[PDB]
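Notes for the one structure printed next.
There are 2 protein chains.
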Amino acid sequence: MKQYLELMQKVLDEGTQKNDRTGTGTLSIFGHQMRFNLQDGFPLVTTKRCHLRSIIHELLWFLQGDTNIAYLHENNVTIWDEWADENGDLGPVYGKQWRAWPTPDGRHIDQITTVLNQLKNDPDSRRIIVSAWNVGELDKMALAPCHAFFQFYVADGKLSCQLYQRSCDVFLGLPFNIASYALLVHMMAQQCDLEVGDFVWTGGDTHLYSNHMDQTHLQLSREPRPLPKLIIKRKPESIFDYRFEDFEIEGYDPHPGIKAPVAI
Amino acid sequence: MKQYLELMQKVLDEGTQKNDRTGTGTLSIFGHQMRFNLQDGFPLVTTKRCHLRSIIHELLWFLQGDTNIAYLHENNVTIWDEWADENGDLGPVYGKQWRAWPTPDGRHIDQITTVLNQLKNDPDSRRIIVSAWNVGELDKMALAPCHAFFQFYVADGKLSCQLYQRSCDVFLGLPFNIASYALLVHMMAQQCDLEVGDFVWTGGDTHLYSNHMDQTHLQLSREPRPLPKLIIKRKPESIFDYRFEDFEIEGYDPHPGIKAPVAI
Ligand SMILES: C#CCN(Cc1ccc2[nH]c(N)nc(=O)c2c1)c1ccc(C(=O)N[C@@H](CCC(=O)O)C(=O)O)cc1
Ligand SMILES: C#CCN(Cc1ccc2[nH]c(N)nc(=O)c2c1)c1ccc(C(=O)N[C@@H](CCC(=O)O)C(=O)O)cc1
Ligand SMILES: C[C@H]1O[C@@H](n2ccc(=O)[nH]c2=O)C[C@@H]1O
Ligand SMILES: C[C@H]1O[C@@H](n2ccc(=O)[nH]c2=O)C[C@@H]1O
Numbered sequence: 064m065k066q067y068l069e070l071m072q073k074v075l076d077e078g079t080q081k082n083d084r085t086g087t088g089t090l091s092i093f094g095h096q097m098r099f100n101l102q103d104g105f106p107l108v109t110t111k112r113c114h115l116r117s118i119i120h121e122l123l124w125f126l127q128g129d130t131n132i133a134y135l136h137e138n139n140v141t142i143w144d145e146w147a148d149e150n151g152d153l154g155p156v157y158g159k160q161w162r163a164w165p166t167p168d169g170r171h172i173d174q175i176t177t178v179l180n181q182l183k184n185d186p187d188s189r190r191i192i193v194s195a196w197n198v199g200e201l202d203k204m205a206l207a208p209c210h211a212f213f214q215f216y217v218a219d220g221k222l223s224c225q226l227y228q229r230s231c232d233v234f235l236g237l238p239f240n241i242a243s244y245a246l247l248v249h250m251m252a253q254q255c256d257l258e259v260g261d262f263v264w265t266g267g268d269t270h271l272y273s274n275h276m277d278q279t280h281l282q283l284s285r286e287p288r289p290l291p292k293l294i295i296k297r298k299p300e301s302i303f304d305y306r307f308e309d310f311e312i313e314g315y316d317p318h319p320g321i322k323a324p325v326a327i
Numbered sequence: 064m065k066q067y068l069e070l071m072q073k074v075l076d077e078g079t080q081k082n083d084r085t086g087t088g089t090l091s092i093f094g095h096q097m098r099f100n101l102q103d104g105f106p107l108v109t110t111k112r113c114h115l116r117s118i119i120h121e122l123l124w125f126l127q128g129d130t131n132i133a134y135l136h137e138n139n140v141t142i143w144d145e146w147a148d149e150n151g152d153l154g155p156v157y158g159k160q161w162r163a164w165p166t167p168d169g170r171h172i173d174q175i176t177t178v179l180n181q182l183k184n185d186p187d188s189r190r191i192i193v194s195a196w197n198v199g200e201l202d203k204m205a206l207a208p209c210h211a212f213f214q215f216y217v218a219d220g221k222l223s224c225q226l227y228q229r230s231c232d233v234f235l236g237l238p239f240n241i242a243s244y245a246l247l248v249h250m251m252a253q254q255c256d257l258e259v260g261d262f263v264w265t266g267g268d269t270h271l272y273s274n275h276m277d278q279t280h281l282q283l284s285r286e287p288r289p290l291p292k293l294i295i296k297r298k299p300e301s302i303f304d305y306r307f308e309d310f311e312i313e314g315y316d317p318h319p320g321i322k323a324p325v326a327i
C-alpha cells in the first residue's frame with residue numbers, strides 16, 4: 064500500500080541500528096502516523112500475499128475473551144504457538160483485558176460492550192477507548208501488548224479509529240494489525256448503523272529486523288495494486304456473534320508471498 | 064510555534080462541528096501528531112505568554128503521587144479547583160496512577176521508578192511506558208485523564224518521548240501539556256545521563272471551542288519568536304526531589320498573554 068511502503072522506506076532512510084531482547088538487531092525510528100480512509104478499500108497489502116484466515120480468527124478470538132490457543136488450533140491458525148505455555152495459555156493478554164479488565168475492588172469491566180453503548184448513546188464522547196495495557200497484569204502475560212490502546216470517533220456519520228502500537232515489526236506484524244483493526248471498525252460500524260471513517264495508525268518503536276532487509280527491498284520494488292473490498296453477508300445480533308463465513312473479500316490480487324523469520 | 068500554529072489552522076480549516084458535554088460546541092479533528100526536537104530549544108509558545116509557574120508545580124505534584132490540590136494551593140496554582148471535592152481530593156488521577164497503580168491483588172506499581180530503572184538498565188526496551196488510563200479506577204477519578212499514555216525511547220544516547228492525548232483543547236490545554244512533558248524529558252534525561260531527543264505529541268479528538276475563535280485569530284496573526292532555553296540549576300538525588308528553584312528560561316520573549324474563558 065502507498066502508506067506502508069512509504070513507512071518502510073522511512074525507517075530504512077531515517078532508522079538507527081538498535082539491539083533488542085530477541086538479540087536479532089533492528090533498524091528503528093520512533094513515532095509515526097498514517098491514515099487509511101476505509102471508503103477507498105480494505106487495507107490489505109497487495110505487494111506480498113497475506114493470509115486473511117489468520118486475521119479473522121485472531122480477531123474473533125479476541126472478541127470472545129479467549130486467551131488459550133485451543134480455538135486457534137481448531138481453525139488451523141498457528142500464529143501464537145511460540146509464546147503459549149504447556150497448556151496453550153498466553154496469560155491475561157488482549158482478549159482478557161478487552162472483555163474483563165479486573166478492578167482493585169473485584170469488578171470486571173467489559174470494554175467492548177462499553178465502547179458500543181458509547182457509540183450508540185454518546186458518539187460525541189472523547190472517552191471512547193479500549194486499552195489492553197493493564198500495568199497490573201503485565202508480568203502474567205506471555206508477551207507485552209503491542210497494539211496497546213485505541214480510540215473511536217464519530218464525525219459525519221462515520222466511524223474512525225486510532226490505534227497506538229508501542230512496538231511494530233513493519234515487515235511481519237504490521238500487515239496483520241492494520242487489516243485486523245480495519246475489520247473491527249467495519250464490524251462496529253455495521254452494529255451501530257454507521258459508515259466507515261478512517262483508521263489512523265500511530266507507532267512507538269517502529270522497526271524492521273536485520274534479517275528482514277533483502278525481503279524489505281524486494282517488496283519495495285513492487286507497484287501496489289488496487290485495494291480489495293470487504294463484503295459482509297449478514298448483520299449478527301451482536302458484535303460477538305460473527306463467524307468467519309460472513310466475510311468475503313473481493314478483488315484481491317497480490318504479488319507473490321515473501322517468507323521471513325519471526326523473532327523470539 | 065510553527066507546528067502549533069499549523070494545527071490551529073488545521074482545526075479551523077478542516078474541523079467538524081461537534082456538540083460537547085459542556086454544551087458549548089467545538090471545532091474538532093481526529094488524529095494528529097507533532098514532533099519537537101528539544102535540541103532546537105524549549106517548546107514553550109511565544110505568540111502568547113505562557114506561565115511556567117503552574118506548569119512546573121503540577122508536574123512536581125504528579126511525581127509526588129499526590130492527588131489533592133493542597134500542595135497546589137500553597138504554591139498559588141489554581142488549575143485544579145473546580146474539579147476537586149470539598150476536602151481538596153480529585154480521587155486517584157495522574158499522580159496516583161504514576162506512583163502507585165493498584166493491582167487486583169492488593170499490591171502497587173511505581174511506574175516512574177520502573178521507567179527510571181529501564182532507562183538505566185535496559186535503555187533499548189520497547190516497553191518504557193507509563194499509563195494513567197486505569198479502566199478499573201476511571202469511575203473514581205474527578206475527570207478521566209486527557210494525557211493518558213506515554214512512552215520513552217533511547218537511540219544514540221538521546222531520550223525521546225511520545226504522549227497520547229485523547230482530548231485536547233488546542234487554544235487552552237495544548238501549550239500547557241507540551242511544556243509539561245518536554246519538562247519531564249529534561250528531568251529524566253538529567254537523572255539518566257542522556258542527551259534530549261524528540262518530543263512526539265499525538266492526539267485523538269483535537270479541538271477548538273467555539274468561544275475561542277477570536278483569541279485564535281488574534282494568536283494566529285502573530286509571528287513565532289525564538290524558543291527559550293531551559294536550565295536545571297542543580298542535580299537532585301532523584302527525580303522525586305526537584306524543586307521550583309531548579310528551573311529557569313533564558314531568551315523567552317513572548318507576545319502578550321491572551322485571556323480566554325474556561326469551559327466546565
Ligand atoms: C501481528 C500479529 C499477530 N502475530 C503475533 C505476533 C507475536 C510476536 C511477534 N514477533 C515478531 N518478531 N514479529 C511480530 O510481528 C510478531 C507478531 C503474528 C504471528 C505470526 C505471524 C507470521 O509468522 N507471519 C505470517 C507470514 C506472512 C505475514 O506476514 O502475514 C505467517 O503466518 O507465517 C504474523 C503475525
Ligand atoms: C492541560 C492541562 C492542565 N489543565 C487542566 C485542564 C482541565 C480541564 C480543562 N477543560 C477545558 N475546557 N480545557 C482545558 O484546557 C482544561 C485543562 C489546565 C488547567 C487550566 C488551564 C488554563 O486555564 N490556563 C490559563 C490560566 C492558567 C495560568 O494562569 O497559568 C492560561 O491562560 O494559561 C490550562 C490547563
Ligand atoms: C514483540 C515484537 O513483535 C511485534 N508485534 C507483535 C504483536 C503485534 O500485534 N504486532 C507486532 O508487530 C512487535 C515487536 O517487534
Ligand atoms: C476535558 C476537556 O478539557 C481538556 N483538557 C483537559 C486536560 C488537559 O491536560 N488538556 C485538555 O485539553 C480536554 C477537553 O476540552
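From first to last, the protein sequence lines stand for chains A and B.
Quick note on my numbering: the first sequence kicks off at 64 and runs consecutively.
Quick note on my numbering: the second sequence kicks off at 64 and runs consecutively.
No residue lacks a Cβ here, since even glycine has one placed at the ideal position from N, Cα and C.
Quiz item: In chain B, what lies closer than 7 Å to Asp-219 of chain A by C-beta?
Solution: By 1-based counting over the first sequence, the position of residue 219 of chain A is 156. For a Cβ distance threshold of 7 Å, residue set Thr-79 of chain B lies close to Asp-219 of chain A, ordered along the chain.
Quiz item: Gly-320 of chain A versus chain B: which residues are under 9 Å apart at the beta carbon?
Solution: One-based indexing of the first sequence puts residue 320 of chain A at position 257. Listed along chain B is no residue with a C-beta nearer than 9 Å to that of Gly-320 of chain A; the closest approach is about 27 Å.
Exercise. Please find out if some non-hydrogen atom of ligand 6 comes closer than 7 Å to the beta-carbon of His-275 of chain A.
Key: The model on display carries ligand 1, ligand 2, ligand 3 and ligand 4 but not ligand 6.
Quiz item: Leaving out the 5 sequence neighbours to the left and right, which residues in its chain are closer than 6 Å to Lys-296 of chain B when beta-carbon positions are compared?
Solution: Here residue 296 of chain B refers to the residue found at position 233 of the second sequence. The answer, listed in chain order, is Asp-309.
Quiz prompt | C-alpha gap between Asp-129 of chain B and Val-74 of chain B, whole angstroms | solution = Counted from its first residue, the second sequence places residue 129 of chain B at position 66. Counted from its first residue, the second sequence places residue 74 of chain B at position 11. Between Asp-129 of chain B and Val-74 of chain B, the C-alpha separation is close to 35 Å.
Quiz item: Shortest alpha-carbon distance to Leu-235 of chain A belongs to which of A:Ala-133, A:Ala-211, A:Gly-320, A:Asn-82?
Solution: In the first sequence, the residue the question calls residue 235 of chain A occupies position 172. Comparing Cα-Cα distances from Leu-235 of chain A to each of A:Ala-133, A:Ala-211, A:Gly-320, A:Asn-82, the minimum goes to A:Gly-320.
Self-check item: Partner residues on chain A for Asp-268 of chain B, Cβ-Cβ distance less than 7 Å
Solution: Position 205 of the second sequence, counted from the start, is the residue given in the question as residue 268 of chain B. Within chain A, the residues near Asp-268 of chain B are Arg-189, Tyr-216.
Practice problem: Note down, in chain order, each residue of its chain lying with its Cβ closer than 6 Å to the Cβ of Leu-237 of chain B, except the 5 sequence neighbours on either side. | Solution: By one-based count along the second sequence, residue 237 of chain B stands at place 174. Excluding residues within five positions, the ones whose Cβ falls inside 6 Å are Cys-231.
Quiz item: Residues of chain A with CB under 9 Å from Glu-200 of chain B, in chain order?
Solution: To locate residue 200 of chain B, count along the second sequence from 1; it is residue 137. By Cβ distance, chain A contributes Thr-166, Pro-167.
Quiz item: Taking a cut-off of 5 Å, which residues have a beta-carbon closer than that to any heavy atom of ligand 2, in chain order?
Solution: B:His-114, B:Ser-117, B:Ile-142, B:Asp-232, B:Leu-235, B:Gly-236, B:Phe-239, B:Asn-240, B:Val-325, B:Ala-326
Quiz item: Looking at the C-beta of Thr-176 of chain B, does it have a partner C-beta in chain A at a distance below 8 Å?
Solution: Here residue 176 of chain B is taken as the residue at index 113 of the second sequence, counted from 1. Output row for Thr-176 of chain B: interface = no.
Quiz item: Are the beta-carbon atoms of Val-140 of chain B and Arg-112 of chain B separated by less than 8 Å?
Solution: Indexing the second sequence from 1 puts residue 140 of chain B at position 77. Indexing the second sequence from 1 puts residue 112 of chain B at position 49. The answer is no: Cβ separation not under 8 Å.
Quiz item: Beta-carbon separation of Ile-172 of chain B and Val-198 of chain A under 8 Å?
Solution: Position 109 of the second sequence, counted from the start, is the residue given in the question as residue 172 of chain B. Position 135 of the first sequence, counted from the start, is the residue given in the question as residue 198 of chain A. Yes.
Self-check item: Start and end residues, alpha helix (DSSP H) containing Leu-235 of chain A
Solution: Walking along the first sequence from the start, residue 235 of chain A turns up at place 172. Under the DSSP assignment, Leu-235 of chain A falls outside any alpha helix (DSSP H); it carries neither an H nor an E label.
Quiz item: Which word fits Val-325 of chain B, buried or exposed, when buried means at least 16 other C-beta atoms lie within 10 angstroms of its C-beta?
Solution: One-based indexing of the second sequence puts residue 325 of chain B at position 262. Its Cβ having fewer than 16 others within 10 Å, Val-325 of chain B is exposed.
Exercise. Sort A:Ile-191, A:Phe-105, A:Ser-91 by Cα distance to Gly-78 of chain A and report the nearest one.
Key: Within the first sequence, numbered from 1, the residue matching residue 78 of chain A stands at position 15. That would be A:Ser-91, whose Cα lies nearest to the Cα of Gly-78 of chain A.
Quiz item: With a Cβ-Cβ cutoff of 8 Å, do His-270 of chain B and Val-233 of chain B count as a contact?
Solution: Here residue 270 of chain B refers to the residue found at position 207 when the second sequence is read from its first residue. Here residue 233 of chain B refers to the residue found at position 170 when the second sequence is read from its first residue. Cβ atoms of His-270 of chain B and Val-233 of chain B: closer than 8 Å.
Quiz prompt | chain A within 8 Å of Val-233 of chain B, Cβ atoms only | solution = Counting from one through the second sequence, the residue named residue 233 of chain B turns up at place 170. No, because no Cβ of chain A sits closer than 8 Å to the Cβ of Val-233 of chain B.
Quiz item: Quick one: what's got a C-beta closer than 7 Å to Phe-105 of chain B's C-beta in the same chain, skipping five residues either side?
Solution: Working through the second sequence from its first residue, we reach residue 105 of chain B at position 42. Cβ within range, chain order: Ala-245, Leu-290, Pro-291, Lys-292, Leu-293, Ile-312.
Self-check item: Residues sharing a beta bridge with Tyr-216 of chain A, DSSP
Solution: Translated into the one-based positions of the first sequence, residue 216 of chain A becomes position 153. In DSSP, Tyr-216 of chain A forms a bridge with A:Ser-223.
Quiz item: Curious, which full-length alpha helix (DSSP H) runs of at least 4 residues does the segment 253 to 319 of chain B contain?
Solution: 276 to 282
Self-check item: Whole-angstrom C-beta distance between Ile-192 of chain A and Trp-196 of chain B, which should lie under 8 Å
Solution: Here residue 196 of chain B is taken as the residue at index 133 of the second sequence, counted from 1. Here residue 192 of chain A is taken as the residue at index 129 of the first sequence, counted from 1. Yes, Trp-196 of chain B and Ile-192 of chain A are in contact; Cβ-Cβ is about 7 Å, under 8 Å.
Quiz item: What did DSSP end up calling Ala-242 of chain A once you bin it into helix, strand or coil?
Solution: As a working mapping, residue 242 of chain A is identified with position 179 in the first sequence. Helix.
Quiz prompt | heavy atom of ligand 4 below 7 Å from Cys-224 of chain B C-beta | solution = As a working mapping, residue 224 of chain B is identified with position 161 in the second sequence. Not under cutoff, so the answer is no.
Quiz item: So, is the C-beta of residue 29 of chain A closer than 8 Å to a C-beta in chain B?
Solution: Outside the modelled stretch of chain A, which goes from 64 to 327, sits residue 29 of chain A, for which no answer is possible.
Self-check item: Residues near residue 356 of chain B in its chain [Cβ-Cβ closer than 8 Å; skip 5 each side]
Solution: Residue 356 of chain B is absent from the structure shown; chain B starts at 64 and stops at 327.
Practice problem: Verify the contact flag: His-120 of chain B, CB atom, against every heavy atom of ligand 4, threshold strictly below 7 Å. | Solution: The residue labelled residue 120 of chain B in the question sits at position 57 within the second sequence. Not so, every heavy atom of ligand 4 lies at least 7 Å from the Cβ.
Quiz item: Going by the CB atoms, is the gap between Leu-222 of chain A and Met-250 of chain A shorter than 8 Å?
Solution: The residue you call residue 250 of chain A lines up with position 187 of the first sequence. The residue you call residue 222 of chain A lines up with position 159 of the first sequence. Contact flag unset, no.
Quiz item: Under a three-way DSSP split, which group does residue 27 of chain B fall into?
Solution: Residue 27 of chain B is absent from the model: chain B starts at 64 and stops at 327.
Quiz item: Quick one: does the C-beta of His-95 of chain A sit closer than 7 Å to a heavy atom of ligand 3?
Solution: Within the first sequence, the letter at position 32 stands for residue 95 of chain A. Flag unset: Cβ of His-95 of chain A not near ligand 3.
Self-check item: C-beta contact flag for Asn-82 of chain B and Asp-187 of chain A at 8 Å
Solution: Taking the second sequence and counting its residues from 1, the one referred to as residue 82 of chain B is at position 19. Taking the first sequence and counting its residues from 1, the one referred to as residue 187 of chain A is at position 124. Closer than 8 Å, so yes.
Quiz item: Would you call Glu-121 of chain A buried or exposed, if buried means 16 or more other Cβ atoms sit within 10 Å of its Cβ?
Solution: Residue numbering aside, residue 121 of chain A sits at position 58 when the first sequence is read from its first letter. Under this definition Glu-121 of chain A is a buried residue.
Practice problem: Just grab the DSSP bridge partners of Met-251 of chain B for me. | Solution: On the second sequence, position 188 is the one that residue 251 of chain B refers to. Paired residue(s): none; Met-251 of chain B is not in a bridge.
Quiz prompt | Contacts of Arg-98 of chain A in chain E (Cβ-Cβ under 8 Å) | solution = The question asks about chain E, but that chain is absent: this structure's protein chains are A and B.
Self-check item: beta-carbon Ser-230 of chain B near ligand 4 non-hydrogen atom, thresh 7 Å
Solution: Within the second sequence, residue 230 of chain B is the residue found at index 167, counting from 1. Because some heavy atom of ligand 4 lies under 7 Å away, the Cβ of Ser-230 of chain B counts as near it: yes.
Quiz item: Out of curiosity, what's the CA-to-CA distance linking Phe-212 of chain B and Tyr-272 of chain A?
Solution: To locate residue 212 of chain B, count along the second sequence from 1; it is residue 149. To locate residue 272 of chain A, count along the first sequence from 1; it is residue 209. Their backbone Cα atoms lie some 26 Å apart in a straight line.
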